[PDB]
């Protein structure tokens, strides 16, 4: 009844462990100035997220901040996706430099900057932008690349 509650957490942690594992396979964008903001932003979410999941392990069902720590785990997942999407576009932009569509979708919907970033977002607002605006643009970018890979390979 309450044990089902804590395991519910250990799992979310483990899901995050798997997620970070896959993020690790995706190349990092590096130190380019274009990603300097996302880089430091991700660095913070990483430091903050790792702490939260370490706690969610040594955390017991009756914690006052049980809910707070949980919500944070949920936001982390979406922060992981963003870092992931951006690592992918960085890679794509280098493979298909100049291509307008990629640069445009990125700048309009994914690029993180002071003001327009998920640094100020949490909960439903956060998942909304990620599952919608960000994922949509990622999909369109991928259609571009597909065509590009097809055109490249005349």
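Numbering follows the first chain given and starts at 1.
Looking at mean Cα B-factors across 52-60 and 66-74, the upper value is held by 52-60. The question of which stretch, 39-47 or 24-32, has the higher mean Cα B factor is settled in favour of 24-32. Of all the options 88, 120, 112, 101, the entry's greatest CA B-factor is assigned to 120. In this PDB entry, the Cα temperature factor of residue 94 sits in the middle third of its chain's modelled residues. Residue 146: CA B factor lies in the middle third for its chain, per the PDB record.
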